[PDB]
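Undergrad: below is the structure, and that's it, no one-letter string:
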Ligand SMILES: *Cc1c(COP(=O)(O)O)cnc(C)c1O
Ligand SMILES: *Cc1c(COP(=O)(O)O)cnc(C)c1O
């Protein structure tokens, strides 16, 4: 393993030493966007797609990029080289100190945290997890912002599930997939964040001739479901056995979830950079 | 010279920093207040600090300092500024959400800045609001999350209008004047603004009828006047909401009257 690191103001620091000025509007106004990038075999997964989504997030938030993607990639690769071990990398783009008369954040800061990967406990893959449905949605759902406050305030659920007017969109942190009569159902990216894990799962489904519906699954359809799972770079495919007071299928991780997870882990090297 | 109280010291604001581990940075876990001065006395200090605790408590953040200590820090800071001051105390999540479902290592800092009232032209002409079909979740919490507020047509402020029901501004309480009545969203829906509270008490005193309901976007053609409220801006007239002019498109008689009564009455709530 290795010491957790933070790249900030041109230097790799011990994470515990990295500080941001209190003037930054990430602190005062929640103006921040970020990515989570994970390694397999010490290579970043979906590095260019994560970086393209980071720019996407900044641009949609009126934040000018403080560094080019080529620079971010060079910093991310140097940091993973310093860690010497499987790493979770989180680049952060801040608003910086001002919103100009031009309606842009033009003094954005950025920093990159490097940490050891802490996957969810293998028991949660064996037993599956519970989600808490709420009648709320993520606004600007293409933006991966730093605003997770609602995820904390919102029955021992692993994650809240945004279910506006009873349409399942996604988790606070994770893409949601439903399996009904061997089909994969997941919200369209008009409503859900364009997950990189979500994208890989959709391409594995295409390859394995599994039909995909890009529509919001309904809370009212959950009794008719066999399986469910949530996705994100660190968790991969995490089975979901319970949503509110509805058990999913027979209440244990299902056949198609475990299959797609195994295909994911066998296939993952194609998307490493 | 702007100051920031952090780790027991008043620093030049530019020198104050927070660790990047803090979940205010990583996860937007933070609450704050805006406290402003008249004649260098803090207005509604005790109500502001009560609402700060309310926001922290509702967000599962354990207060890192007592309200007596915050009040002491705020009063010393205003005294060091020696001008009319805007004060903003911030309570952060800190580095962890414990297995007890609490933020137990909260940090705090307090920013002191010279007060910047909106330009007197904006009081003379009034401002525009941009309506959005969105709402503030946990609307009684004054969180640091203003992402939506930034990101139309040089509108002063966005107006949360979920399903065409006007709730409030990103930063401000919204009041509509219709048939000489005052219309403002209930605190089931809108943040309990301190300025909002004082204006409702001035309406009671002046026998102006208040309806605590969400005014409808569809009612704005039938409205005479509107205004938004916040400690620094006081009552700021609103003459346009998207493409709808309010009344004759100028600050109205009742808005100006309530602003004058607000400025004459404000002594009673200074601390
Ligand atoms: C980051 C995130 C995800 C997961 O995306 P990955 O790229 O697969 O890691 C899902 N939903 C939300 C809301 C997220 O912010
Ligand atoms: C701070 C704030 C107000 C205004 O509150 P005052 O106590 O009058 O300054 C109104 N709406 C929201 C959303 C706010 O955050």
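TA: That came through, no problem. Numbering: from 1, shown residues only, chains lettered A, B, ... in the order given. Ligands and ions are numbered 1, 2, ... in the order given.
Undergrad: distance of the most centrally placed residue in chain A relative to residue A:201?
TA: For chain A, the residue nearest the mean C-alpha position is residue A:232 (4.5 Å; CA atoms, centre = their mean). Remark: distance between residue A:232 and residue A:201 (CB to CB, to the nearest Å) = 11 Å. For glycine as for every other residue, the C-beta is placed from the backbone atoms N, C-alpha and C.
Undergrad: anything in contact with each of the two?
TA: Shared contacts of residue A:232 and residue A:201 (CB atoms under 8 Å, 6 or more residues apart in numbering or on different chains): residue A:175.
Undergrad: run a quick neighbour tally on the closest residue to ligand 1 within the stretch 151-273 of chain A.
TA: Scanning the stretch 151-273 of chain A for proximity to ligand 1 using CB to the nearest ligand atom identifies residue A:197 as nearest, at 3.1 Å. Residue A:197 has 23 neighbouring residues, counting by other CB atoms under 10 Å in any protein chain shown.
Undergrad: in three-state terms, label it for me.
TA: Under the three-state scheme (DSSP: H, G, I helix; E, B strand; the rest coil), residue A:197 adopts helix.
Undergrad: so how far is ligand 2 from the closest residue to it other than its chain neighbours?
TA: Excluding the flanking residues, the one nearest residue A:197 by CB to CB, 6 or more residues apart in numbering or on different chains is residue A:231, at 3.8 Å. Computed as CB to the nearest ligand atom, to the nearest Å, the residue A:231 to ligand 2 distance reads 34 Å.
Undergrad: beta partners of residue A:231?
TA: As for beta bridges, residue A:231 partners with residue A:175, residue A:237 under DSSP bridges.
Undergrad: OK, contacts around it?
TA: A:174-175, A:177, A:195, A:197-198, A:201, A:237-238.
Undergrad: which helix or strand contains residue A:59?
TA: When elements are assigned from DSSP states H and E, residue A:59 belongs to helix A:47-60.
Undergrad: now do residue A:206
TA: Counting by DSSP H and E, residue A:206 is part of helix A:196-207.
Undergrad: which other helices and strands does that helix contact?
TA: helix A:47-60, strand A:175-180, strand A:183-186, strand A:212-214, strand A:227-232, strand A:236-243, helix A:255-267 (3 or more CB pairs under 8 Å, 6 or more residues apart in numbering or on different chains; DSSP states H and E).
Undergrad: now do the second one against helix A:255-267, angle only.
TA: I take that to be strand A:175-180. If you take axes from the mean of the first three to the mean of the last three CA atoms, to 10 degrees, strand A:175-180 sits at 130 degrees to helix A:255-267.
Undergrad: what sits closest to whichever residue of the stretch 101-250 of chain A sits closest to ligand 2 if chain neighbours are left out?
TA: Nearest to ligand 2, among the residues of the stretch 101-250 of chain A, is residue A:149, at 13.3 Å (CB to the nearest ligand atom). Nearest residue to residue A:149, sequence neighbours excluded (CB to CB, 6+ apart): residue B:28, at 4.9 Å.
Undergrad: check the secondary structure at residue A:70 for me.
TA: Going by three-state DSSP: residue A:70 is helix.
Undergrad: enumerate the residues of the stretch 151-273 of chain A near ligand 1.
TA: With CB under 6 Å from any ligand atom as the criterion, the stretch 151-273 of chain A meets ligand 1 at residues A:170-171, A:173-175, A:193, A:195-198, A:231-233.
Undergrad: switch to 8 Å and redo it
TA: A:170-175, A:192-200, A:231-234 (CB under 8 Å from any ligand atom).
Undergrad: span of stretch A:131-149 from start to end?
TA: Length of stretch A:131-149, first residue to last, CA to CA, to the nearest Å: 17 Å.
Undergrad: off-centre distance for that stretch?
TA: 12 Å (CA atoms, centre = their mean, to the nearest Å).
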